[PDB]
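The form deposited in one PDB entry is given below as one chain in structure tokens.
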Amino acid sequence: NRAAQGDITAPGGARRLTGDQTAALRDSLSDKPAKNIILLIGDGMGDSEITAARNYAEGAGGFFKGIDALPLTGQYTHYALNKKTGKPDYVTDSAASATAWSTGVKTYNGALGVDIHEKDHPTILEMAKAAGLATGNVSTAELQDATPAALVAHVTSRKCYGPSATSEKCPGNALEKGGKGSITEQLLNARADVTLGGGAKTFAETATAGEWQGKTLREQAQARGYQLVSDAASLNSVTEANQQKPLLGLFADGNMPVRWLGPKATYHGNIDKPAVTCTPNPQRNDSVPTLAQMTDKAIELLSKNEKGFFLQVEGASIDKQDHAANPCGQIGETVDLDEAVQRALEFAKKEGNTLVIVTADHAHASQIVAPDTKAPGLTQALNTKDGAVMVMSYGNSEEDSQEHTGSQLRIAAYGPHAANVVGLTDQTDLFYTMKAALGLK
């Protein structure tokens, strides 16, 4: 626990520590192998986003019981490459970053599972599976989106969702041109044991070539032995997931719905609008599983493999609501993630051989600023759990989408080999940390 000790107005009352950490920390260090790994990604979840969520939901002196509880921490850099020059491109997108931690190679913005030369490289999930480990890939995004796609698809543009877009935009990748296929087709080939998220829509396309031609990708999935679920009760009734019967959960047509609703930040909104309180999203049907519920089932199913498992969990819409300049949506998706993280830590603490990592793909726009701020972008005032006003500012785009930022950001870990996130590292080190911790080749 790292909440404030007591009365934050008094001496020592805002302390998060109760005693010397040296012994505890020594004891947090083990370089025995990891049997399992859970990687949780908050898309766009930089320190700022963590801090704003913490402040709103738990109070400034509060503590995220998942997010904030990983004891080994550092900062890592997630710059991409300029595709022509090979030089750094200081602000990555989700595809280049996800490619870095999943393959160990930098690449250009938009690219999945390929380097700047457009050459494929195998992913941590593929190398898990090859070693006979169970594999999970979970996200609140449409499953074609960069973050989950990067683990199972090798394509020259992240827009290559299915056959249609792939033919037009990744001709080199398209099945009918002899390539590996669209992101959705490659996802079906990769056959992780557990794949849960949104993105049903693209499954309605029919393949233009290959063994399942003329059939929707949904049909292909059924033809190939996959159990399809599409809501929380059907997911919960699944009793196994393996190579003979892999699980594919499709819980929405595009992105899964956000947990909280609030208004969009506006010009001078912290000055001209009253403070806001977020509310649970009245549009999110109770029958859509949450990210922690997706995470439960995935852990439950994968932990059955005696050899071990690799699991990626993405809180995808932190980023998407940060783009939308929607503090409540943004914060709620961070709360959402913290719940999934608690699940992971609770399994990992009891199992004892599980390395859990929590970070983001890149930083974002949202800034916490003073209540009287007069800023040129979009702002909004929030009433926090402390009963004070926090203002959030989105000040880096005049267009309709607040943009990523280049700042290094937090990475934290618990479990075997967690030492390797500490100090300054690069996103590509995380690939090798994962590879090594599981003893893969």
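Residue numbers run from 1 along the displayed sequence.
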{"query": "Mean C-alpha temperature factor, higher of 280-288 and 363-371", "finding": "280-288"}
{"query": "Per the entry, higher mean C-alpha B factor between 23-31 and 410-418", "finding": "23-31"}
{"query": "Deposited CA B-factor, highest of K129, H323, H78, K87", "finding": "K129"}
{"query": "Of the residues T147, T140, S157, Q213, the one carrying the largest Cα B-factor as recorded", "finding": "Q213"}
{"query": "CA B-factor ranking of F251, expressed as a third of its chain", "finding": "lowest"}
{"query": "Modelled-residue ranking by C-alpha temperature factor, third containing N55", "finding": "lowest"}
{"query": "Among modelled residues of the same chain, the CA temperature factor third for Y108", "finding": "lowest"}
{"query": "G172, C-alpha B-factor rank within chain (lowest, middle or highest third)", "finding": "highest"}
{"query": "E346 by Cα B-factor - lowest, middle or highest third of the modelled chain", "finding": "highest"}
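Another form, the form deposited with a partner chain bound, is not on view; read the next lines as being about it.
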| query | finding |
| --- | --- |
| One residue of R224, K349, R191, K169 in contact with its partner chain, assessed in the entry with it bound (non-hydrogen atom, 4.5 angstroms) | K169 |
| Touches its partner chain in the entry with it bound: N109 (any heavy atom, 4.5 Å) | yes |
| In the entry with it bound, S157 touching its partner chain (heavy atom, 4.5 Å) | yes |
| Contact of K320 with its partner chain in the entry with it bound (heavy atom, 4.5 Å) | yes |
| Contact test in the entry with it bound: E339 vs its partner chain, heavy atoms, 4.5 Å | no |
